[PDB]
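Below: entry01.cif (mmCIF, C-alpha atoms and all ligand atoms)
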```cif
data_coords
loop_
_atom_site.label_atom_id
_atom_site.label_comp_id
_atom_site.auth_asym_id
_atom_site.auth_seq_id
_atom_site.Cartn_x
_atom_site.Cartn_y
_atom_site.Cartn_z
CA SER A 1 -25.94 93.75 -8.42
CA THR A 2 -26.82 91.82 -5.24
CA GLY A 3 -28.77 88.76 -4.30
CA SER A 4 -30.38 87.62 -1.03
CA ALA A 5 -31.91 84.17 -0.39
CA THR A 6 -33.25 82.46 2.71
CA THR A 7 -31.61 79.15 3.74
CA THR A 8 -33.70 76.64 5.70
CA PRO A 9 -32.63 73.64 7.80
CA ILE A 10 -33.65 70.31 6.17
CA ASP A 11 -34.69 68.78 9.53
CA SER A 12 -35.05 69.51 13.27
CA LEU A 13 -31.28 68.92 13.90
CA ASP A 14 -29.93 71.35 11.20
CA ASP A 15 -28.23 68.40 9.39
CA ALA A 16 -27.93 70.71 6.34
CA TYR A 17 -29.54 73.82 4.89
CA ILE A 18 -31.33 74.26 1.57
CA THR A 19 -31.64 77.43 -0.48
CA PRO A 20 -33.99 77.80 -3.47
CA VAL A 21 -32.23 78.34 -6.82
CA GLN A 22 -33.86 79.20 -10.16
CA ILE A 23 -32.39 77.28 -13.14
CA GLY A 24 -33.40 77.69 -16.77
CA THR A 25 -36.11 79.42 -18.77
CA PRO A 26 -38.86 79.25 -17.65
CA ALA A 27 -37.37 78.93 -14.15
CA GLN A 28 -37.10 75.50 -12.54
CA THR A 29 -36.67 76.01 -8.79
CA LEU A 30 -34.49 73.43 -7.01
CA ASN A 31 -33.47 73.44 -3.34
CA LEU A 32 -29.68 73.28 -3.23
CA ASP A 33 -27.19 72.78 -0.44
CA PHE A 34 -24.83 75.78 -0.60
CA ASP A 35 -21.41 74.27 0.10
CA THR A 36 -18.39 76.53 0.80
CA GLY A 37 -16.29 73.32 0.93
CA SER A 38 -16.77 72.29 -2.77
CA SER A 39 -16.91 73.93 -6.16
CA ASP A 40 -19.46 72.05 -8.32
CA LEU A 41 -23.08 73.14 -8.90
CA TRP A 42 -24.79 69.82 -9.58
CA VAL A 43 -28.45 68.80 -9.64
CA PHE A 44 -30.75 65.85 -9.72
CA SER A 45 -32.06 65.84 -13.28
CA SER A 46 -34.10 64.10 -15.97
CA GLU A 47 -30.80 62.21 -16.69
CA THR A 48 -30.45 60.78 -13.15
CA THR A 49 -30.83 56.95 -13.00
CA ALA A 50 -34.54 56.57 -12.13
CA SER A 51 -33.92 54.12 -9.20
CA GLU A 52 -31.61 56.80 -7.60
CA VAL A 53 -34.33 59.52 -7.49
CA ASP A 54 -36.68 59.35 -4.45
CA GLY A 55 -38.65 62.56 -3.98
CA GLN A 56 -36.10 65.17 -5.19
CA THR A 57 -37.10 67.90 -7.63
CA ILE A 58 -35.25 67.39 -10.95
CA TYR A 59 -33.83 69.80 -13.48
CA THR A 60 -35.01 68.93 -17.04
CA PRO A 61 -32.68 70.71 -19.49
CA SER A 62 -34.90 69.85 -22.50
CA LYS A 63 -37.62 72.10 -20.95
CA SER A 64 -35.27 75.12 -20.69
CA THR A 65 -34.94 77.35 -23.75
CA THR A 66 -31.58 78.67 -22.42
CA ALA A 67 -30.02 75.24 -21.67
CA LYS A 68 -27.06 74.22 -23.89
CA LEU A 69 -25.15 70.92 -23.64
CA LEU A 70 -21.49 71.68 -22.77
CA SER A 71 -20.27 69.18 -25.36
CA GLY A 72 -17.84 66.53 -24.09
CA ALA A 73 -17.81 67.76 -20.52
CA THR A 74 -18.23 65.31 -17.64
CA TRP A 75 -17.92 65.59 -13.88
CA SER A 76 -17.43 63.24 -10.96
CA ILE A 77 -17.06 64.14 -7.28
CA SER A 78 -16.39 62.21 -4.05
CA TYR A 79 -17.07 64.05 -0.78
CA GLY A 80 -15.28 63.62 2.57
CA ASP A 81 -18.41 61.85 3.97
CA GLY A 82 -18.12 58.99 1.39
CA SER A 83 -20.98 60.27 -0.86
CA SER A 84 -20.54 60.81 -4.60
CA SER A 85 -22.20 61.88 -7.84
CA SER A 86 -21.31 62.21 -11.50
CA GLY A 87 -22.73 63.13 -14.89
CA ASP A 88 -22.63 65.55 -17.81
CA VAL A 89 -22.89 69.34 -18.04
CA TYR A 90 -25.21 72.04 -19.42
CA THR A 91 -24.84 75.79 -19.35
CA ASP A 92 -27.96 77.69 -18.31
CA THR A 93 -29.22 80.78 -16.53
CA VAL A 94 -29.02 80.44 -12.73
CA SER A 95 -30.52 82.94 -10.23
CA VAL A 96 -30.11 83.06 -6.46
CA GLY A 97 -32.19 85.54 -4.48
CA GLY A 98 -32.57 87.89 -7.50
CA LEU A 99 -28.90 87.66 -8.66
CA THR A 100 -28.66 86.13 -12.17
CA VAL A 101 -25.68 84.48 -13.90
CA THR A 102 -25.97 83.51 -17.56
CA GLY A 103 -23.88 80.64 -18.92
CA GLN A 104 -23.44 78.95 -15.51
CA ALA A 105 -22.22 75.34 -15.64
CA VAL A 106 -25.09 73.20 -14.29
CA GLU A 107 -23.73 69.69 -13.71
CA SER A 108 -26.52 67.17 -14.41
CA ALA A 109 -26.26 63.98 -12.35
CA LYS A 110 -26.48 60.66 -14.15
CA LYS A 111 -25.51 58.82 -10.93
CA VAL A 112 -25.77 59.71 -7.25
CA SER A 113 -24.73 57.62 -4.20
CA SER A 114 -27.28 56.15 -1.79
CA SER A 115 -27.02 58.97 0.82
CA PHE A 116 -28.12 61.53 -1.84
CA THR A 117 -31.05 59.32 -2.97
CA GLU A 118 -32.12 58.81 0.65
CA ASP A 119 -32.27 62.58 1.33
CA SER A 120 -35.44 63.77 -0.51
CA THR A 121 -34.93 67.39 0.68
CA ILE A 122 -31.66 68.14 -1.19
CA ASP A 123 -32.00 68.55 -4.98
CA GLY A 124 -28.25 69.15 -5.48
CA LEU A 125 -25.28 71.23 -4.32
CA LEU A 126 -24.12 74.72 -5.15
CA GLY A 127 -20.36 74.90 -4.52
CA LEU A 128 -18.86 78.11 -3.13
CA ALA A 129 -15.22 77.05 -2.59
CA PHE A 130 -12.55 78.21 -5.09
CA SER A 131 -13.03 77.21 -8.75
CA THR A 132 -9.69 75.35 -8.72
CA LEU A 133 -11.63 72.42 -7.05
CA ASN A 134 -14.30 72.20 -9.76
CA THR A 135 -14.36 68.65 -11.20
CA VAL A 136 -15.59 69.31 -14.78
CA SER A 137 -13.33 67.74 -17.41
CA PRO A 138 -11.77 68.52 -19.78
CA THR A 139 -12.55 72.21 -19.24
CA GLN A 140 -12.82 73.20 -15.58
CA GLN A 141 -15.84 75.41 -14.81
CA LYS A 142 -16.35 78.40 -12.50
CA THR A 143 -18.57 78.58 -9.44
CA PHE A 144 -21.73 80.68 -9.36
CA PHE A 145 -19.86 83.19 -7.09
CA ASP A 146 -16.86 83.39 -9.42
CA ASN A 147 -19.17 84.02 -12.43
CA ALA A 148 -21.20 86.64 -10.48
CA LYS A 149 -18.25 88.40 -8.81
CA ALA A 150 -17.47 91.10 -11.40
CA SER A 151 -21.21 92.16 -11.47
CA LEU A 152 -21.59 92.33 -7.68
CA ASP A 153 -21.55 95.63 -5.79
CA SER A 154 -18.75 94.12 -3.59
CA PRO A 155 -16.97 90.80 -4.34
CA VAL A 156 -18.36 89.05 -1.24
CA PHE A 157 -21.00 86.65 -0.03
CA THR A 158 -22.17 86.12 3.54
CA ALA A 159 -23.52 83.11 5.40
CA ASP A 160 -25.92 83.70 8.29
CA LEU A 161 -27.10 80.23 9.25
CA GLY A 162 -29.84 79.81 11.85
CA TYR A 163 -29.92 77.51 14.89
CA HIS A 164 -33.13 75.49 14.42
CA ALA A 165 -34.36 78.37 12.21
CA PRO A 166 -33.95 79.85 8.74
CA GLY A 167 -31.06 82.14 7.85
CA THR A 168 -29.70 84.02 4.88
CA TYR A 169 -27.10 83.89 2.11
CA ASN A 170 -26.36 87.36 0.69
CA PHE A 171 -24.28 88.07 -2.40
CA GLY A 172 -22.56 91.40 -3.11
CA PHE A 173 -23.20 93.28 0.15
CA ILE A 174 -22.77 93.06 3.93
CA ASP A 175 -26.03 93.56 5.87
CA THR A 176 -24.80 95.67 8.81
CA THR A 177 -28.12 94.94 10.66
CA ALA A 178 -27.44 91.16 10.67
CA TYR A 179 -24.63 91.07 13.30
CA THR A 180 -23.60 92.68 16.64
CA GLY A 181 -20.32 94.45 17.28
CA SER A 182 -17.67 94.48 14.55
CA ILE A 183 -16.56 91.94 11.92
CA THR A 184 -13.05 90.54 12.54
CA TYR A 185 -11.28 89.61 9.33
CA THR A 186 -8.63 86.88 9.13
CA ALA A 187 -6.29 85.62 6.40
CA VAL A 188 -7.24 82.87 3.96
CA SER A 189 -5.02 80.34 2.16
CA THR A 190 -6.47 79.22 -1.20
CA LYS A 191 -3.63 76.63 -1.67
CA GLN A 192 -6.06 73.66 -1.15
CA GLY A 193 -9.02 75.39 -2.90
CA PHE A 194 -10.87 75.96 0.41
CA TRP A 195 -11.73 78.96 2.60
CA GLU A 196 -8.82 77.88 4.86
CA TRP A 197 -7.91 80.02 7.86
CA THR A 198 -6.25 79.77 11.29
CA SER A 199 -8.23 80.14 14.48
CA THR A 200 -6.31 81.61 17.42
CA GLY A 201 -7.59 79.12 20.03
CA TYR A 202 -10.51 77.89 22.05
CA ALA A 203 -12.24 77.73 25.39
CA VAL A 204 -14.62 75.13 26.88
CA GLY A 205 -17.57 76.59 28.79
CA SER A 206 -16.46 79.27 31.27
CA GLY A 207 -12.87 77.90 31.14
CA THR A 208 -9.78 79.94 30.31
CA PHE A 209 -8.99 80.54 26.66
CA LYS A 210 -6.17 78.42 25.22
CA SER A 211 -4.08 80.33 22.66
CA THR A 212 -3.20 77.83 19.94
CA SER A 213 -3.23 77.94 16.10
CA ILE A 214 -5.93 75.71 14.55
CA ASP A 215 -5.82 75.64 10.74
CA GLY A 216 -9.18 74.66 9.23
CA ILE A 217 -11.79 75.40 6.60
CA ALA A 218 -15.07 77.33 6.76
CA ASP A 219 -17.42 74.72 5.28
CA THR A 220 -21.16 75.34 5.16
CA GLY A 221 -21.62 71.87 3.59
CA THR A 222 -20.33 70.01 6.67
CA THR A 223 -22.79 69.64 9.57
CA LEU A 224 -20.42 69.35 12.53
CA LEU A 225 -17.30 70.97 13.98
CA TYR A 226 -14.24 68.75 13.41
CA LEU A 227 -11.15 69.72 15.47
CA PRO A 228 -7.92 68.09 16.67
CA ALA A 229 -8.36 65.18 19.09
CA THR A 230 -6.72 67.14 21.95
CA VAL A 231 -9.30 69.95 21.68
CA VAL A 232 -12.24 67.56 21.29
CA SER A 233 -11.14 65.45 24.32
CA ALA A 234 -10.86 68.64 26.42
CA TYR A 235 -14.45 69.58 25.45
CA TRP A 236 -16.09 66.20 26.11
CA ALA A 237 -14.16 65.73 29.40
CA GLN A 238 -16.50 68.48 30.76
CA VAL A 239 -19.65 66.35 30.05
CA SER A 240 -20.36 63.58 32.62
CA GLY A 241 -20.55 60.21 30.86
CA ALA A 242 -19.43 61.43 27.41
CA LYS A 243 -17.22 58.99 25.54
CA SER A 244 -15.87 58.26 22.09
CA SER A 245 -17.77 55.26 20.63
CA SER A 246 -16.01 53.30 17.81
CA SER A 247 -19.39 51.54 17.16
CA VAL A 248 -21.34 54.84 16.70
CA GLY A 249 -18.41 56.67 15.00
CA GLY A 250 -17.67 59.53 17.41
CA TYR A 251 -18.33 61.14 20.74
CA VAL A 252 -21.69 60.43 22.35
CA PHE A 253 -23.08 61.82 25.57
CA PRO A 254 -26.07 61.24 27.82
CA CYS A 255 -29.14 62.93 26.37
CA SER A 256 -29.86 64.10 30.00
CA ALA A 257 -26.69 66.30 29.88
CA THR A 258 -26.52 70.10 29.78
CA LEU A 259 -23.68 70.80 27.29
CA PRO A 260 -21.10 73.54 27.86
CA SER A 261 -20.46 76.19 25.26
CA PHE A 262 -17.42 76.14 23.00
CA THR A 263 -15.54 79.32 22.07
CA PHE A 264 -13.18 79.67 19.08
CA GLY A 265 -10.82 82.57 18.39
CA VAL A 266 -10.81 84.79 15.29
CA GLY A 267 -7.77 87.00 15.76
CA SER A 268 -8.36 88.75 19.14
CA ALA A 269 -12.13 88.17 18.78
CA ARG A 270 -14.18 85.24 20.14
CA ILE A 271 -17.20 83.37 18.75
CA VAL A 272 -19.24 81.46 21.33
CA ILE A 273 -21.11 78.31 20.25
CA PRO A 274 -23.88 77.74 22.83
CA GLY A 275 -23.99 74.22 24.29
CA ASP A 276 -27.40 73.51 22.72
CA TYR A 277 -25.84 73.89 19.23
CA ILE A 278 -23.60 70.84 20.00
CA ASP A 279 -26.56 68.43 20.63
CA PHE A 280 -27.33 66.21 17.57
CA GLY A 281 -29.92 64.11 19.35
CA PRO A 282 -30.36 60.39 19.93
CA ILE A 283 -27.98 58.08 18.04
CA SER A 284 -31.09 56.05 17.07
CA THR A 285 -34.76 56.71 17.66
CA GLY A 286 -35.60 56.46 21.41
CA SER A 287 -31.95 56.08 22.54
CA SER A 288 -30.72 57.90 25.65
CA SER A 289 -27.27 58.26 23.98
CA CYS A 290 -26.98 61.52 22.03
CA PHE A 291 -24.52 62.36 19.26
CA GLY A 292 -22.05 65.18 19.77
CA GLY A 293 -21.64 68.15 17.48
CA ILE A 294 -17.91 68.52 18.08
CA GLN A 295 -15.91 65.53 16.73
CA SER A 296 -12.27 64.69 16.07
CA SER A 297 -10.76 65.57 12.70
CA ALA A 298 -7.98 62.96 13.20
CA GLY A 299 -9.45 60.62 10.48
CA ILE A 300 -9.96 63.52 7.95
CA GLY A 301 -6.59 65.29 7.44
CA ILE A 302 -8.13 68.80 7.91
CA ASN A 303 -10.05 70.65 10.61
CA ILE A 304 -13.55 71.68 9.55
CA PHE A 305 -15.51 74.66 10.87
CA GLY A 306 -18.86 73.27 9.73
CA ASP A 307 -22.37 74.45 10.43
CA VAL A 308 -22.12 73.98 14.25
CA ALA A 309 -19.44 76.67 14.31
CA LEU A 310 -20.61 78.87 11.42
CA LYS A 311 -24.24 79.15 12.63
CA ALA A 312 -22.93 80.93 15.80
CA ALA A 313 -21.56 83.76 13.59
CA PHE A 314 -22.24 86.09 10.71
CA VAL A 315 -19.57 84.97 8.25
CA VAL A 316 -18.15 87.06 5.37
CA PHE A 317 -16.54 85.20 2.45
CA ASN A 318 -14.48 88.05 0.93
CA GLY A 319 -13.53 87.17 -2.67
CA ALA A 320 -11.33 90.24 -3.24
CA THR A 321 -8.05 89.65 -5.14
CA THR A 322 -6.59 88.55 -1.77
CA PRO A 323 -9.50 86.62 -0.18
CA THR A 324 -10.23 86.90 3.53
CA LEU A 325 -12.87 85.59 5.99
CA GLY A 326 -14.81 87.78 8.40
CA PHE A 327 -16.61 86.66 11.57
CA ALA A 328 -19.02 88.63 13.76
CA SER A 329 -21.19 87.63 16.69
CA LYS A 330 -24.96 87.98 16.15
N1 LIG B 1 -24.60 61.83 3.02
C1 LIG B 1 -25.80 62.52 2.46
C2 LIG B 1 -25.48 62.92 1.03
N2 LIG B 1 -24.41 63.90 0.97
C3 LIG B 1 -24.70 65.24 1.22
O1 LIG B 1 -25.87 65.59 1.50
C4 LIG B 1 -23.66 66.26 1.20
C5 LIG B 1 -23.85 67.57 1.54
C6 LIG B 1 -22.65 68.31 1.45
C7 LIG B 1 -21.60 67.55 1.05
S1 LIG B 1 -22.05 65.93 0.76
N1 LIG B 2 -30.78 66.53 25.48
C1 LIG B 2 -32.00 66.45 24.65
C2 LIG B 2 -31.66 65.54 23.44
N2 LIG B 2 -31.53 66.30 22.21
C3 LIG B 2 -32.57 66.38 21.27
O1 LIG B 2 -33.66 65.81 21.47
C4 LIG B 2 -32.43 67.16 20.05
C5 LIG B 2 -31.29 67.65 19.49
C6 LIG B 2 -31.56 68.41 18.29
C7 LIG B 2 -32.89 68.48 18.04
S1 LIG B 2 -33.79 67.64 19.19
#
```
Just give me the structure as structure tokens.
Ligand SMILES: NCCNC(=O)c1cccs1
Ligand SMILES: NCCNC(=O)c1cccs1
Amino acid sequence: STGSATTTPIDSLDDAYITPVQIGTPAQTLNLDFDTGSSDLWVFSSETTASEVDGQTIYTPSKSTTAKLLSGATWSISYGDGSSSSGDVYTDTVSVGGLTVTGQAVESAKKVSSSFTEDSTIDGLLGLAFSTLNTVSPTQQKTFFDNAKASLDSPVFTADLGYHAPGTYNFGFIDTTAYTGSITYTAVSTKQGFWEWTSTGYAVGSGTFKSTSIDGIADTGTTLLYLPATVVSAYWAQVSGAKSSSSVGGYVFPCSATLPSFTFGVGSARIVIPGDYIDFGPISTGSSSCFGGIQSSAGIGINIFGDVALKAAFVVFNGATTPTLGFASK
């Protein structure tokens, strides 16, 4: 089997991407944030505290003939950005882009943190990291990809995120029309439950490439590119008037700037992030200070190849017995 779904930026900055997902019988379509950095599929629901719902579409398990309470199971998750959610669990039929899984754990939120409530465009998350990170207790649950894998034509999914445009998530096949050149594959560690890999180095603009190992995760659920402070300082040093602002919480730059590109290495291959991809717009409405798309990971404890990086590539998440990542230009 295969599936193919379009993913759409939630706003003009690409702060996140939403992908429609069919849950239940008859289908209830929710717009979920596909997150290769977490492993829970959770939704706003008829159980969510009413004051914490503001415009999201909810899953109502009592209206699905295939929904079953997963008795005793609860979940609770805290993300790296400080946001959180928790609740109970149903199993139900979940389809993405024509690919159906029966008996998928659908984690129903009873509580969500303010940043979820305040984002009316995201109806929940669909985790695509390794199932070892799933938070359901006392019986850990599998991701949608892990449940689908055996049925897929190839045990893979691909992320093709757009810059200020829609893109695609495919499951079970590699669309050879969607990228240029060849795909370079690189090793993955699953030891922390993430799609963790080692980049071979970086360049700033037309500068020389620096060969250096940068361990990090491929995380579609993180907006920005988070790298070591040395690398980030080298990038922003090429932008007149850029500075790290403790008050704003990262590097800012004059909105009048033309940003340089940023290149990262994948083995002997190179992915180029155009400068425009690194502009996240005014820090507040009407400001002439703009927020940078490359930020330090020093406060995180891991480097994160988020959407800024991933949207410059066609990315293969290879879930073979030994997982690997693939990157191609496009
Ligand atoms: N801070 C806004 C609410 N949190 C989110 O939208 C998340 C997306 C992916 C991981 S957390
Ligand atoms: N240098 C121009 C300031 N940047 C912007 O207005 C936007 C960034 C992303 C969408 S608009």
All residues within 7 Å of ligand LIG 2 (chain B) are required, counting all atoms listed in the file; please report them as a list in words. residues 12, 13, 255, 256, 257, 279, 280, 281, 282 and 290 of chain A
Taking only C-alpha atoms and all ligand atoms into account, which residues have an atom no farther than 9 Å from ligand LIG 1 (chain B)? I'd like them as a VMD selection string. chain A and resid 15 to 16 33 to 35 37 to 38 78 to 84 112 to 119 122 124 to 125 220 to 223
Looking at A:105, A:218, A:328, A:178, which one is nearest to residue 312 of chain A, with distances taken over only C-alpha atoms? A:328
Counting all atoms listed in the file, which residue out of A:51, A:200, A:321, A:303 sits closest to residue 219 of chain A?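 Under the stated criterion, the closest residue is A:303.
The gap separating atom CA of residue 325 of chain A from atom CA of residue 195 of chain A is 7.5 Å, in Å to one decimal.
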Shortest interatomic distance to residue 235 of chain A - which of A:183, A:89, A:217, A:204, counting all atoms listed in the file: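 When distances to residue 235 of chain A are compared using all atoms listed in the file, the smallest one comes from A:204.
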What are the centre and the three edge lengths of an axis-aligned box that wraps all atoms of segment 4-21 of chain A in the file, given that 3 Å is added to every side, written as lines of an AutoDock Vina configuration file and rounded to one decimal in Å?
```
center_x = -31.5
center_y = 78.0
center_z = 3.5
size_x = 13.1
size_y = 25.2
size_z = 26.7
```
Name the closest residue to residue 248 of chain A among the candidates A:283, A:126, A:269, A:133; distances are taken between atoms, counting all atoms listed in the file.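 Result for the nearest residue to residue 248 of chain A: A:283.
Atom pair atom CA of residue 70 of chain A / atom CA of residue 91 of chain A has a distance of 6.3 Å (rounded to one decimal).
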Between A:230, A:206, A:296, A:2, which residue has the minimum interatomic distance to residue 249 of chain A, considering all atoms listed in the file?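 Smallest separation from residue 249 of chain A among the options: A:296.
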At a cut-off of 10 Å from (-11.2, 71.4, 26.5) in the coordinates of the file, what residues are picked up using only C-alpha atoms, written as a list in words?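 Those residues, ordered by chain and then number, are residues 202, 203, 204, 205, 207, 208, 209, 210, 230, 231, 232, 233, 234, 235, 236, 237, 238 and 262 of chain A.
Relative to atom CA of residue 212 of chain A, atom CA of residue 324 of chain A is found at 20.0 Å.
Once only C-alpha atoms are considered, the residues situated within 8 Å of the file point (-10.8, 68.4, 9.9) turn out to be residues 216, 217, 226, 227, 228, 296, 297, 298, 299, 300, 301, 302, 303, 304 and 305 of chain A.
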Export of prior selection with C-alpha atoms as an mmCIF file, in the frame of the given file:
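That gives us part.cif:
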```cif
data_model
loop_
_atom_site.group_PDB
_atom_site.id
_atom_site.type_symbol
_atom_site.label_atom_id
_atom_site.label_comp_id
_atom_site.auth_asym_id
_atom_site.auth_seq_id
_atom_site.Cartn_x
_atom_site.Cartn_y
_atom_site.Cartn_z
ATOM 1 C CA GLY A 216 -9.180 74.660 9.230
ATOM 2 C CA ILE A 217 -11.790 75.400 6.600
ATOM 3 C CA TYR A 226 -14.240 68.750 13.410
ATOM 4 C CA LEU A 227 -11.150 69.720 15.470
ATOM 5 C CA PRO A 228 -7.920 68.090 16.670
ATOM 6 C CA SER A 296 -12.270 64.690 16.070
ATOM 7 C CA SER A 297 -10.760 65.570 12.700
ATOM 8 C CA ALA A 298 -7.980 62.960 13.200
ATOM 9 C CA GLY A 299 -9.450 60.620 10.480
ATOM 10 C CA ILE A 300 -9.960 63.520 7.950
ATOM 11 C CA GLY A 301 -6.590 65.290 7.440
ATOM 12 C CA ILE A 302 -8.130 68.800 7.910
ATOM 13 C CA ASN A 303 -10.050 70.650 10.610
ATOM 14 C CA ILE A 304 -13.550 71.680 9.550
ATOM 15 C CA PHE A 305 -15.510 74.660 10.870
#
```
Taking only C-alpha atoms into account, name the residue in A:245, A:74, A:170, A:268 that is nearest to residue 134 of chain A. A:74
Closest atom pairs, segment 68-115 of chain A residues within 12 Å of segment 25-31 of chain A, all atoms listed in the file, as a Markdown table:
```
| residue | atom | partner | partner_atom | distance |
| --- | --- | --- | --- | --- |
| A:68 | CA | A:25 | CA | 11.6 |
| A:91 | CA | A:25 | CA | 11.9 |
| A:92 | CA | A:25 | CA | 8.3 |
| A:93 | CA | A:25 | CA | 7.4 |
| A:94 | CA | A:27 | CA | 8.6 |
| A:95 | CA | A:27 | CA | 8.9 |
| A:96 | CA | A:29 | CA | 9.9 |
| A:97 | CA | A:29 | CA | 11.4 |
| A:100 | CA | A:27 | CA | 11.5 |
| A:102 | CA | A:25 | CA | 11.0 |
| A:106 | CA | A:30 | CA | 11.9 |
```
Who sits within 8 Å of residue 61 of chain A, only C-alpha atoms, same chain under 3 positions skipped, as a PyMOL selection string: chain A and resi 24+45-46+64+67-68+90
Residue 308 of chain A: which residues within 7 Å, counting only C-alpha atoms, same-chain residues fewer than 6 positions away excluded, as a PDB file with C-alpha atoms, keeping the file's coordinate frame?
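Generated file (selection.pdb):
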```pdb
ATOM      1  CA  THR A 223     -22.790  69.640   9.570  1.00  0.00           C
ATOM      2  CA  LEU A 224     -20.420  69.350  12.530  1.00  0.00           C
ATOM      3  CA  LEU A 225     -17.300  70.970  13.980  1.00  0.00           C
ATOM      4  CA  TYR A 277     -25.840  73.890  19.230  1.00  0.00           C
ATOM      5  CA  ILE A 278     -23.600  70.840  20.000  1.00  0.00           C
ATOM      6  CA  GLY A 293     -21.640  68.150  17.480  1.00  0.00           C
TER       7      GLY A 293
END
```
I'd like the contact shell of segment 150-158 of chain A - 12 Å cut-off, all atoms listed in the file, skipping same-chain residues fewer than 5 positions apart - returned as a PDB file with C-alpha atoms, in the frame of the given file.
```pdb
ATOM      1  CA  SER A   1     -25.940  93.750  -8.420  1.00  0.00           C
ATOM      2  CA  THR A   2     -26.820  91.820  -5.240  1.00  0.00           C
ATOM      3  CA  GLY A   3     -28.770  88.760  -4.300  1.00  0.00           C
ATOM      4  CA  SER A   4     -30.380  87.620  -1.030  1.00  0.00           C
ATOM      5  CA  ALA A   5     -31.910  84.170  -0.390  1.00  0.00           C
ATOM      6  CA  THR A   6     -33.250  82.460   2.710  1.00  0.00           C
ATOM      7  CA  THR A   7     -31.610  79.150   3.740  1.00  0.00           C
ATOM      8  CA  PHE A  34     -24.830  75.780  -0.600  1.00  0.00           C
ATOM      9  CA  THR A  36     -18.390  76.530   0.800  1.00  0.00           C
ATOM     10  CA  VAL A  96     -30.110  83.060  -6.460  1.00  0.00           C
ATOM     11  CA  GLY A  98     -32.570  87.890  -7.500  1.00  0.00           C
ATOM     12  CA  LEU A  99     -28.900  87.660  -8.660  1.00  0.00           C
ATOM     13  CA  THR A 100     -28.660  86.130 -12.170  1.00  0.00           C
ATOM     14  CA  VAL A 101     -25.680  84.480 -13.900  1.00  0.00           C
ATOM     15  CA  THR A 102     -25.970  83.510 -17.560  1.00  0.00           C
ATOM     16  CA  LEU A 128     -18.860  78.110  -3.130  1.00  0.00           C
ATOM     17  CA  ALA A 129     -15.220  77.050  -2.590  1.00  0.00           C
ATOM     18  CA  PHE A 144     -21.730  80.680  -9.360  1.00  0.00           C
ATOM     19  CA  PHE A 145     -19.860  83.190  -7.090  1.00  0.00           C
ATOM     20  CA  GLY A 167     -31.060  82.140   7.850  1.00  0.00           C
ATOM     21  CA  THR A 168     -29.700  84.020   4.880  1.00  0.00           C
ATOM     22  CA  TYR A 169     -27.100  83.890   2.110  1.00  0.00           C
ATOM     23  CA  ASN A 170     -26.360  87.360   0.690  1.00  0.00           C
ATOM     24  CA  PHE A 171     -24.280  88.070  -2.400  1.00  0.00           C
ATOM     25  CA  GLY A 172     -22.560  91.400  -3.110  1.00  0.00           C
ATOM     26  CA  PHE A 173     -23.200  93.280   0.150  1.00  0.00           C
ATOM     27  CA  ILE A 174     -22.770  93.060   3.930  1.00  0.00           C
ATOM     28  CA  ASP A 175     -26.030  93.560   5.870  1.00  0.00           C
ATOM     29  CA  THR A 176     -24.800  95.670   8.810  1.00  0.00           C
ATOM     30  CA  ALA A 178     -27.440  91.160  10.670  1.00  0.00           C
ATOM     31  CA  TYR A 179     -24.630  91.070  13.300  1.00  0.00           C
ATOM     32  CA  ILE A 183     -16.560  91.940  11.920  1.00  0.00           C
ATOM     33  CA  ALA A 218     -15.070  77.330   6.760  1.00  0.00           C
ATOM     34  CA  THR A 220     -21.160  75.340   5.160  1.00  0.00           C
ATOM     35  CA  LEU A 310     -20.610  78.870  11.420  1.00  0.00           C
ATOM     36  CA  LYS A 311     -24.240  79.150  12.630  1.00  0.00           C
ATOM     37  CA  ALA A 313     -21.560  83.760  13.590  1.00  0.00           C
ATOM     38  CA  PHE A 314     -22.240  86.090  10.710  1.00  0.00           C
ATOM     39  CA  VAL A 315     -19.570  84.970   8.250  1.00  0.00           C
ATOM     40  CA  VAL A 316     -18.150  87.060   5.370  1.00  0.00           C
ATOM     41  CA  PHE A 317     -16.540  85.200   2.450  1.00  0.00           C
ATOM     42  CA  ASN A 318     -14.480  88.050   0.930  1.00  0.00           C
ATOM     43  CA  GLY A 319     -13.530  87.170  -2.670  1.00  0.00           C
ATOM     44  CA  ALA A 320     -11.330  90.240  -3.240  1.00  0.00           C
ATOM     45  CA  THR A 321      -8.050  89.650  -5.140  1.00  0.00           C
ATOM     46  CA  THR A 322      -6.590  88.550  -1.770  1.00  0.00           C
ATOM     47  CA  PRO A 323      -9.500  86.620  -0.180  1.00  0.00           C
ATOM     48  CA  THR A 324     -10.230  86.900   3.530  1.00  0.00           C
ATOM     49  CA  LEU A 325     -12.870  85.590   5.990  1.00  0.00           C
ATOM     50  CA  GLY A 326     -14.810  87.780   8.400  1.00  0.00           C
ATOM     51  CA  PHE A 327     -16.610  86.660  11.570  1.00  0.00           C
ATOM     52  CA  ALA A 328     -19.020  88.630  13.760  1.00  0.00           C
TER      53      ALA A 328
END
```
